[PDB]
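Structure, as structure tokens:
In my numbering, the protein residues as written are 101 to 319.
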């Protein structure tokens, strides 16, 4: 794991909300994060997670999505929207939509469906929501964790679609419908730029298959 001082090197401008101790506590909740594979692989995973976080929150400066005009409610019997609440982006990976706050809360033992603001109020919970997304396979997508740590077996369909192991597939999992394939490559390039910078700081290679312009979104 990166030291306290390295966390400050990687996130020099972050809001004080996002403490190293809160990150470490959240990570203890997901003990395979950053501890799977050889030490270079562990650093690539950490760098990849932090690169997406840095993209989504401008270096852990932001906690909440700026535009709060939209409730991000897709009516659901399984994950019903709470009256008066909104599911706009919160936390390091900008958890969004009732149908993600629901399962995320269930995984963390929290009622995030009815108290979605909690993700922007408790930093351990904030980091746990991001690690939940990173660590959890959600069919048909593997977890970003498994992709980066050599534990994902792409299907034959994945290979034919260009979904090969590396950072690019993580962008695809996170937002490939808009950022990969024929999409405008600007946002994916920003993610890769953070990733390459963080890998350089940690002394490892970014590895192969970084871009996602040559892959289709998952089904």
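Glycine is no exception: its CB is placed at the ideal position from the N, C-alpha and C atoms.
Select from 308, 189, 103 and 280 the residue whose C-alpha is nearest the C-alpha of residue 317.
-> Along the chain shown, read from residue 1 onward, the residue named residue 317 stands at position 217. Distances from the alpha-carbon of residue 317 to those of 308, 189, 103 and 280 put 280 closest.
Sorry if obvious, but does the Cβ on residue 315 come closer than 7 angstroms to a heavy atom of the ligand SAM?
-> Absence of the ligand SAM from the depicted structure is noted, as is the absence of any ligand whatsoever, leaving it without description.
Could you round the C-beta distance between residue 315 and residue 268 to whole angstroms and report it? I think they count as a contact, below 8 angstroms.
-> Reading the chain shown from its first residue, position 215 is the one you call residue 315. Reading the chain shown from its first residue, position 168 is the one you call residue 268. Indeed they touch by this definition, with Cβ atoms about 6 angstroms apart.
Would you check if there are 3 or more beta carbon pairs closer than 8 angstroms linking the region 289 to 304 to the region 243 to 253?
-> Flag = no, the region 289 to 304 and the region 243 to 253 do not touch.
Reduced DSSP secondary structure (H/G/I, E/B, other) of residue 114 | Taking the chain shown and counting its residues from 1, one reaches residue 114 at position 14. Correct three-state label for residue 114: coil.
Straight-line CA distance for residue 47 to residue 303?
-> The structure shown does not extend to residue 47, since the chain is modelled only from 101 to 319, so the question has no answer here.
Got a sec? Which residues, its chain only, sit under 8 angstroms from residue 153 by beta carbon, not counting five neighbours each side?
-> The sequence position of residue 153 within the chain shown is 53, counting from 1. Around residue 153: 160, 192, 193 and 230.
One or two residues paired with residue 238 in a DSSP bridge | For this step, residue 238 is matched to residue 138 along the chain shown. Bridge partners of residue 238: 241.
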